[PDB]
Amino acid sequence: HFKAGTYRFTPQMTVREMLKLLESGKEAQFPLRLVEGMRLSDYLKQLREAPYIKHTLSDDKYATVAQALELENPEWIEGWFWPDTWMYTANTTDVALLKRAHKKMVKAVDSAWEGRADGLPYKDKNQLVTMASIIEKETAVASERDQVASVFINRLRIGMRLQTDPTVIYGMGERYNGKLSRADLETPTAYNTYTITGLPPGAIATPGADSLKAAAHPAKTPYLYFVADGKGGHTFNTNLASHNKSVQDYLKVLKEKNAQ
């Protein structure tokens, strides 16, 4: 009844202690930090490069991952993995580790969904995840998260295009080279929220618990616009004319800074 694994051998260890250790099953555990804001394709490259991972995935395509995970909806994949420092034992498969990540996300989502605020325009749980991923990728201060959420949810409710750059970046796929021009924002893809109305078909990244909570409980504001203030915050507005003013304020601040 010997339990295989990675064990710790002290200098003057006894035979008595060693047999106890080799049966205890108390293995050394390895870290895999799966960080919020990253994609599954990021997580899959980490798994390939991680020490002592049994590679049971034929390739790192998303559909293969949905196959191996036996997902009910294989289009509901991105954003459905809980971000954490995951502890694994040596020779654990990639699939079982992703399975643990998926099941933990499902639980957190279901709790967020059932506890969500009244009158949100999400049709399903994937849309809550999609919105959460949009909130996560919108680079802001922690204090402004609820308001950023509010703007996007308000827009989704009334039929205004979301116009968020990360969704455009996602929709380009491997054509994105680090640059984002005006032509890129103008080219229609299924994810481009400058061209499409509503949420994109799925999430764009892995949402943190911070974003998921903001998607489920946004601030109660009438805001429909935000722009950088030039410090490193944002000014929030309810109408186009106020917004356009706040845009001019931002450019003044930038001119005063970048020009000599």
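A residue's number is simply how far along the shown sequence it sits, counting from 1.
Asks: Tell me which stretch, 5-13 or 240-248, has the higher mean Cα B-factor listed in the entry.
Replies: It is 5-13 that shows the higher mean C-alpha B-factor.
Asks: Quick check on the record: does 131-139 or 112-120 carry the larger mean Cα temperature factor?
Replies: Comparing averages over the C-alpha atoms only gives 112-120.
Asks: Select one of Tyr88, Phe152, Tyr176, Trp80: the residue whose C-alpha shows the highest B-factor in the crystal structure entry.
Replies: Each of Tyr88, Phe152, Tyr176, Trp80 was compared by C-alpha B-factor; the highest is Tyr176.
Asks: If you check the C-alpha B-factor for each of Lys213, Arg39, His55, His234 in the entry, which is highest?
Replies: In the PDB entry, the greatest C-alpha B-factor among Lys213, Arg39, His55, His234 is found at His55.
Asks: Tell me, lowest, middle or highest third: where does the Cα B factor of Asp165 rank within its chain?
Replies: Lowest third - that is where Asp165 ends up once the chain's C-alpha B-factors are sorted.
Asks: Relative to the other modelled residues in the chain, which third contains the C-alpha temperature factor of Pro74: lowest, middle or highest?
Replies: Ranked within chain, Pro74 CA B lands in the highest tercile.
Asks: Report the third (lowest, middle or highest) to which the CA temperature factor of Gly198 belongs, ranking only the modelled residues of the same chain.
Replies: Ranked within chain, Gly198 CA B lands in the lowest tercile.
Asks: Would you mind checking where the Cα B-factor of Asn192 ranks among the modelled residues of its chain, as the lowest, middle or highest third?
Replies: For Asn192, whose C-alpha B-factor we compare with every modelled residue in the chain, the answer is the lowest third.
Asks: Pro218: which third of its chain by C-alpha temperature factor?
Replies: Middle third of the chain for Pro218's C-alpha B-factor.
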